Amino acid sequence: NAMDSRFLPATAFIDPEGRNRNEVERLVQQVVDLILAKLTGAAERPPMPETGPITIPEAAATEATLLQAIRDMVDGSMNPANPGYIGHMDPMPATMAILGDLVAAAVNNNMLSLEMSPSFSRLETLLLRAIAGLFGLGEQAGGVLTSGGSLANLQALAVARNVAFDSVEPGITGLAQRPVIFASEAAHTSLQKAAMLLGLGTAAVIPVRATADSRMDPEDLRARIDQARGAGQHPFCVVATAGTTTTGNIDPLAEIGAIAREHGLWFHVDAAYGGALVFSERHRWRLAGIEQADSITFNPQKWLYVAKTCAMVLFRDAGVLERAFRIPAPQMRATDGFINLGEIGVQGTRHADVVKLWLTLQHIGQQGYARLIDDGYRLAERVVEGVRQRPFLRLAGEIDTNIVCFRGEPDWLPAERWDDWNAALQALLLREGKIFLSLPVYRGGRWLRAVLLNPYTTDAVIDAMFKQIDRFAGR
């Protein structure tokens, strides 16, 4: 065959009868040893790297070239494994998440259908049923894994739209009244992208006023709904966010949901980040009201430390996916009751994320996550206290998760020079402190953003951060 020819490297594939096993094992071990050396020594690389030409070669690259490429890829990539990386909802991966993706890629199954993923499709369906149980959604609840929270939000909104307008087969172009959804002004932009994609347009996402603590104002929500109907629009969904992207705040889920139900609006909870609190006895009360959601988005890739991507959309009634999403096609359900997951997802073919998810959940355990979450809050509160002791600094508001947004508002500077002050501080922290904070645009200004995810971030890192902030301000 081709694998005996001189046009293929002897290690292009793994011979299923072991004829090239020694050569493969050697190549595999090269990469394993290299990557392990890079990860066990990750602190040697800064949180951010210090800075083609791309041509697809005719002949096979040498193993020396392949390994150099891997080396260059790692060295030029961001390093959230560095204890000083505290700026984004992007964590160092759990060991079993890395190993899970090795397993997933090796067996290379397809979530598209049962016969292409006999074990994984069943594992995923059962696992998400259990997880929906943790959210308190009831016994009809379930969902699918998606390649990212944006897709999860897209699918929920698609179901909300289909349920309200019966649009699976005729579409929505016939409507005289514009469909609109409501969300906090601090909600994620994937909502606007979803609305665009769904044929609603970006402007169909009506922003609801958030408080000083970046939580949705239920009073304004009700006002916006009335105003929308007054404008001849057709509201059909409300989105509450459980852990906003910038400040990590949690909307008042019960109040929002009650308003949604009063007006017959689909209640979607975007808990991409904050959804992890269900593993925390100490903190899951913060999610009170989420158990009544019509749909939930949750991203284990964030606070559950699962290697990207890992996200899901859960429905309180999983059958809604067959009634108001699934395209017309003959039934092909298996004898033990499972359905081809491709039929009820945005994606068709899909990578088996369930492997790394299930393996990581088992390795760490609920108690493990409860501990990690507590440490997150602990570090966040240390940042909060440090800011409060510095009058030239300002919190964005109360915190609800392990995220602290703050900025310098010094009186030796006029307000219009604050963005440059903070941008320079962020640059200084990274360059000389090897500490990475993000600098999002928030409330028309530039704010510093701390996301305390790295389990190897210590009190000393935070202290070092403030120590350098002090010098930049001349204390």
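Quick note: we count residues from 1 along the sequence shown, nothing fancier.
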| Does residue 396 go missing in at least one third of the other entries compared here? | no
| message | Tell me whether residue 335 turns out to be unmodelled in at least a third of the other entries of this protein, restricted to those that model residues on both sides. | response | yes
| field | Residues with no coordinates between residue 51 and residue 52, taken from the deposited sequence as a class | value | 4 to 9
| query | Out of 463-471 and 450-458, which one has CA B-factors that are higher on average in the deposited record? | reply | 463-471
| note | Mean B factor on CA atoms, stretches 224-232 and 103-111, record says higher is 224-232
| Going by the deposited entry, which of 368, 328, 345, 248 has the highest CA temperature factor? | 328
| task | For the C-alpha B-factor as written in the entry, point me to the maximum among 300, 136, 337, 207. | result | 337
| request: Give the position of residue 270 by CA B-factor within its chain, expressed as the lowest, middle or highest third. | output: lowest
| remark: By the entry's values, the third containing the CA B factor of residue 175 is the highest
| Taking the entry's C-alpha B-factors for this chain, is residue 92 in the lowest, middle or highest third? | lowest
| remark: For residue 149, the third of its chain by CA B-factor is the lowest
| Sorting the chain's CA B-factors, does residue 24 end up in the lowest, middle or highest third? | middle
